[PDB]
file coords_5.csv (CSV, C-alpha atoms)
chain,number,residue,atom,x,y,z
X,1,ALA,CA,131.1,162.3,66.8
X,2,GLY,CA,132.2,162.4,63.2
X,3,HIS,CA,134.6,159.4,63.5
X,4,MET,CA,132.7,157.3,60.9
X,5,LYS,CA,133.0,160.2,58.5
X,6,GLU,CA,136.7,160.1,59.1
X,7,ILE,CA,136.9,156.3,58.5
X,8,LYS,CA,135.0,156.6,55.2
X,9,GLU,CA,137.3,159.4,54.1
X,10,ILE,CA,140.6,157.7,55.0
X,11,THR,CA,139.4,154.4,53.3
X,12,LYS,CA,138.2,156.1,50.1
X,13,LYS,CA,141.5,158.1,49.8
X,14,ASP,CA,143.5,154.9,49.8
X,15,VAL,CA,141.1,152.3,48.3
X,16,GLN,CA,138.4,154.0,46.1
X,17,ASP,CA,136.4,150.8,45.5
X,18,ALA,CA,136.3,149.6,49.1
X,19,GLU,CA,133.0,148.9,50.8
X,20,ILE,CA,132.4,149.5,54.5
X,21,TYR,CA,130.1,147.4,56.6
X,22,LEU,CA,129.2,148.0,60.3
X,23,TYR,CA,128.4,145.4,62.9
X,24,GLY,CA,129.3,144.6,66.6
X,25,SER,CA,127.0,145.1,69.6
X,26,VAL,CA,125.3,148.3,68.7
X,27,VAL,CA,124.2,147.2,65.2
X,28,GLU,CA,123.5,143.5,66.2
X,29,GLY,CA,121.7,144.2,69.4
X,30,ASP,CA,124.0,141.9,71.3
X,31,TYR,CA,125.3,143.8,74.3
X,32,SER,CA,125.6,140.6,76.5
X,33,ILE,CA,127.9,138.2,74.4
X,34,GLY,CA,131.0,140.4,74.4
X,35,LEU,CA,131.0,141.6,70.8
X,36,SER,CA,133.1,144.6,70.0
X,37,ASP,CA,131.1,147.9,70.3
X,38,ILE,CA,131.4,148.7,66.5
X,39,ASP,CA,133.1,146.2,64.1
X,40,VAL,CA,134.1,147.9,60.8
X,41,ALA,CA,134.8,145.6,57.9
X,42,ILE,CA,136.6,147.4,55.0
X,43,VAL,CA,136.3,145.2,52.0
X,44,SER,CA,138.2,145.2,48.7
X,45,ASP,CA,140.1,142.7,46.5
X,46,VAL,CA,142.9,145.3,46.6
X,47,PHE,CA,143.6,143.6,50.0
X,48,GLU,CA,144.6,140.4,48.2
X,49,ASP,CA,148.0,142.1,48.4
X,50,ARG,CA,149.1,141.5,52.0
X,51,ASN,CA,151.3,144.5,51.8
X,52,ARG,CA,148.4,146.8,51.0
X,53,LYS,CA,146.4,145.2,53.9
X,54,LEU,CA,149.2,145.9,56.3
X,55,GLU,CA,149.8,149.5,55.0
X,56,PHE,CA,146.1,150.3,55.3
X,57,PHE,CA,145.6,148.6,58.7
X,58,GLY,CA,148.5,150.5,60.2
X,59,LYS,CA,147.1,153.8,58.8
X,60,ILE,CA,143.6,153.3,60.0
X,61,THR,CA,144.5,151.9,63.5
X,62,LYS,CA,147.0,154.7,64.1
X,63,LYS,CA,144.3,157.2,63.4
X,64,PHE,CA,141.7,155.5,65.6
X,65,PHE,CA,143.9,154.2,68.5
X,66,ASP,CA,142.2,153.2,71.8
X,67,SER,CA,138.7,153.6,70.3
X,68,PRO,CA,135.6,151.5,70.2
X,69,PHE,CA,136.2,150.5,66.5
X,70,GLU,CA,137.5,147.0,65.7
X,71,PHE,CA,138.7,147.0,62.1
X,72,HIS,CA,138.7,144.0,59.7
X,73,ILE,CA,140.5,144.6,56.5
X,74,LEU,CA,139.2,142.0,54.1
X,75,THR,CA,139.1,140.7,50.6
X,76,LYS,CA,135.6,139.9,49.2
X,77,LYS,CA,136.0,136.2,49.8
X,78,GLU,CA,137.1,136.9,53.4
X,79,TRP,CA,134.1,139.1,54.0
X,80,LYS,CA,131.8,136.4,52.4
X,81,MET,CA,133.2,134.0,55.0
X,82,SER,CA,132.9,136.6,57.9
X,83,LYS,CA,129.2,137.0,57.2
X,84,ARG,CA,128.5,133.4,58.2
X,85,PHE,CA,129.1,134.5,61.8
X,86,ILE,CA,127.4,138.0,61.7
X,87,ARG,CA,123.8,138.3,62.7
X,88,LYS,CA,123.2,141.7,61.1
X,89,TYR,CA,125.3,144.3,59.4
X,90,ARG,CA,124.8,147.7,57.8
X,91,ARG,CA,126.6,149.0,54.7
X,92,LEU,CA,128.0,152.5,55.7
X,93,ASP,CA,125.9,155.0,53.8
F,1,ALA,CA,136.0,147.4,72.0
F,2,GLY,CA,134.6,147.1,75.4
F,3,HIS,CA,134.1,151.0,75.8
F,4,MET,CA,130.3,150.6,76.4
F,5,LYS,CA,131.2,148.1,79.2
F,6,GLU,CA,133.4,150.9,80.7
F,7,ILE,CA,130.6,153.5,80.4
F,8,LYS,CA,128.1,151.3,82.3
F,9,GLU,CA,130.8,150.6,85.0
F,10,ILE,CA,131.8,154.2,85.6
F,11,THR,CA,128.1,155.3,85.5
F,12,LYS,CA,126.8,152.7,88.0
F,13,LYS,CA,129.8,153.3,90.4
F,14,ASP,CA,128.7,157.0,90.7
F,15,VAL,CA,125.0,156.9,90.1
F,16,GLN,CA,123.5,153.5,91.0
F,17,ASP,CA,120.0,154.2,89.7
F,18,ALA,CA,121.1,155.6,86.4
F,19,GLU,CA,119.7,154.4,83.1
F,20,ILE,CA,121.7,154.5,79.9
F,21,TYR,CA,120.2,154.8,76.4
F,22,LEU,CA,122.1,154.7,73.1
F,23,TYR,CA,121.1,156.6,69.9
F,24,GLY,CA,122.9,158.5,67.1
F,25,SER,CA,123.7,157.4,63.6
F,26,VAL,CA,124.4,153.7,64.2
F,27,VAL,CA,121.3,153.1,66.3
F,28,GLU,CA,119.0,155.4,64.2
F,29,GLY,CA,120.1,154.6,60.6
F,30,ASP,CA,121.0,158.2,59.5
F,31,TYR,CA,124.2,158.2,58.5
F,32,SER,CA,123.2,161.2,56.3
F,33,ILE,CA,122.1,164.0,58.7
F,34,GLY,CA,125.4,164.5,60.7
F,35,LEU,CA,124.1,162.8,63.9
F,36,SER,CA,126.8,161.8,66.4
F,37,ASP,CA,128.1,158.2,65.8
F,38,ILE,CA,126.8,157.1,69.2
F,39,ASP,CA,124.8,159.4,71.5
F,40,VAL,CA,124.8,158.2,75.1
F,41,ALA,CA,122.1,159.5,77.4
F,42,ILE,CA,122.8,158.8,81.1
F,43,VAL,CA,119.6,159.6,83.0
F,44,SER,CA,118.8,160.0,86.7
F,45,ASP,CA,117.1,162.5,88.9
F,46,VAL,CA,120.3,162.7,90.8
F,47,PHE,CA,121.3,165.1,88.0
F,48,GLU,CA,118.8,167.6,89.3
F,49,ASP,CA,121.8,168.7,91.3
F,50,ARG,CA,123.9,170.7,88.7
F,51,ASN,CA,127.0,170.0,90.8
F,52,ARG,CA,126.5,166.3,90.4
F,53,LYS,CA,125.8,166.6,86.6
F,54,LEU,CA,129.0,168.7,86.3
F,55,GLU,CA,131.1,166.2,88.4
F,56,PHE,CA,129.9,163.2,86.5
F,57,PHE,CA,130.2,164.8,83.1
F,58,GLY,CA,133.8,165.8,83.8
F,59,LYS,CA,134.6,162.3,84.9
F,60,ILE,CA,133.0,160.5,81.9
F,61,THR,CA,134.4,162.8,79.2
F,62,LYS,CA,137.9,162.8,80.6
F,63,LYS,CA,137.8,159.0,80.5
F,64,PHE,CA,136.4,159.0,76.9
F,65,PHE,CA,138.5,161.9,75.4
F,66,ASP,CA,138.1,162.4,71.6
F,67,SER,CA,135.9,159.3,71.1
F,68,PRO,CA,132.8,158.6,69.0
F,69,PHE,CA,130.5,159.0,72.1
F,70,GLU,CA,128.5,162.1,72.7
F,71,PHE,CA,127.3,162.1,76.3
F,72,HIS,CA,124.0,163.7,77.5
F,73,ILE,CA,123.7,163.8,81.3
F,74,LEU,CA,120.0,164.2,82.0
F,75,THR,CA,117.3,164.2,84.6
F,76,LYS,CA,114.2,162.1,83.8
F,77,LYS,CA,112.2,165.2,82.6
F,78,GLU,CA,115.2,166.2,80.3
F,79,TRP,CA,115.3,162.7,78.8
F,80,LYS,CA,111.4,162.8,78.2
F,81,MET,CA,112.0,166.0,76.3
F,82,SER,CA,115.0,164.6,74.3
F,83,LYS,CA,113.0,161.7,73.1
F,84,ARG,CA,110.7,164.0,71.1
F,85,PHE,CA,113.7,164.4,68.7
F,86,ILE,CA,115.0,160.8,68.7
F,87,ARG,CA,113.9,158.4,66.0
F,88,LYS,CA,115.0,155.2,67.9
F,89,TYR,CA,117.0,154.5,71.0
F,90,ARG,CA,118.1,151.4,72.8
F,91,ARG,CA,118.4,150.9,76.6
F,92,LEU,CA,121.9,149.7,77.4
F,93,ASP,CA,121.9,146.4,79.1

call {"tool": "encode", "arguments": {"input": "coords_5.csv", "output": "structure tokens"}}
result
Amino acid sequence: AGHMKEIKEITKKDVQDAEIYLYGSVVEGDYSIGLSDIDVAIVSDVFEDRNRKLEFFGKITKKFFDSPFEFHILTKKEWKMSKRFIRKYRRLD
Amino acid sequence: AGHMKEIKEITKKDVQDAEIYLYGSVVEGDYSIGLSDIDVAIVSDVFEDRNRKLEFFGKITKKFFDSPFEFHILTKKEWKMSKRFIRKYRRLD
């Protein structure tokens, strides 16, 4: 319903080099272990600055409040760690 | 974010025999043809009664206002037809 389009546009306006990855129950095919519907990891070393992470998180969650998206604003190292627990993801393209 | 849980619950409260199928960009992999983020087909021959289809549709869309879900309230014959144009779907357990 055009929300993903909006996510990519908001992200890219703030953090041009960020990469977006999708997971959660729909992508991973787990609808019975209580995953979020759609997890959205937004990944850049710009988020090494906690102030930028907070700024961006507040912007994106305000825009998408009470929605099925669960946002994770991560540095590259953090995303590398996150993948250890993720069955399958898709780079948003 | 537990919206799909809510869809199954609302649906099964009204129409016990309904089946729910997911498609759209996330399930199908296009991303690049403007598909809805998540299409949700809710399918039962109870919806042969237009008044029931209208009632249910009003209920479910009011609950999920301005969300990434696109709902399709369908009889079995209608869902058979829809599948001719769907690359991939998943039954929602």

call {"tool": "residues_around", "arguments": {"input": "coords_5.csv", "residues": "residue 47 in chain X", "least_positions_apart": "2", "cutoff": "9 Å", "atoms": "all atoms listed in the file", "output": "list in words"}}
result
residues 43, 44, 45, 49, 50, 51, 52, 53, 54, 56, 73, 74, 75 and 76 of chain X

call {"tool": "closest_atom_pairs", "arguments": {"input": "coords_5.csv", "of": "chain X", "to": "chain F", "cutoff": "8 Å", "atoms": "only C-alpha atoms", "output": "tab-separated table"}}
result
residue	atom	partner	partner_atom	distance
X:1	CA	F:36	CA	4.3
X:2	CA	F:36	CA	6.3
X:3	CA	F:68	CA	5.8
X:4	CA	F:37	CA	6.8
X:26	CA	F:27	CA	6.7
X:27	CA	F:26	CA	6.6
X:31	CA	F:93	CA	6.4
X:32	CA	F:93	CA	7.4
X:34	CA	F:2	CA	7.7
X:35	CA	F:1	CA	7.8
X:36	CA	F:1	CA	4.5
X:37	CA	F:1	CA	5.2
X:38	CA	F:1	CA	7.3
X:67	CA	F:67	CA	6.4
X:68	CA	F:1	CA	4.5
X:69	CA	F:1	CA	6.3
X:70	CA	F:1	CA	6.5
X:92	CA	F:31	CA	7.4
X:93	CA	F:31	CA	5.9

call {"tool": "residues_near_point", "arguments": {"input": "coords_5.csv", "point": "(143.2, 149.1, 58.6)", "cutoff": "9 Å", "atoms": "all atoms listed in the file", "output": "number ranges by chain"}}
result
X: 11, 42, 53-62, 71-73

call {"tool": "atom_distance", "arguments": {"input": "coords_5.csv", "atom1": "CA of residue 82 in chain F", "atom2": "CA of residue 88 in chain X"}}
result
27.7 Å

call {"tool": "atom_distance", "arguments": {"input": "coords_5.csv", "atom1": "CA of residue 21 in chain X", "atom2": "CA of residue 40 in chain F"}}
result
22.1 Å

call {"tool": "closest_residue", "arguments": {"input": "coords_5.csv", "among": "X:13, X:6, X:48, X:63", "to": "residue 78 in chain X", "atoms": "all atoms listed in the file"}}
result
X:48

call {"tool": "atom_distance", "arguments": {"input": "coords_5.csv", "atom1": "CA of residue 83 in chain X", "atom2": "CA of residue 20 in chain X"}}
result
13.2 Å
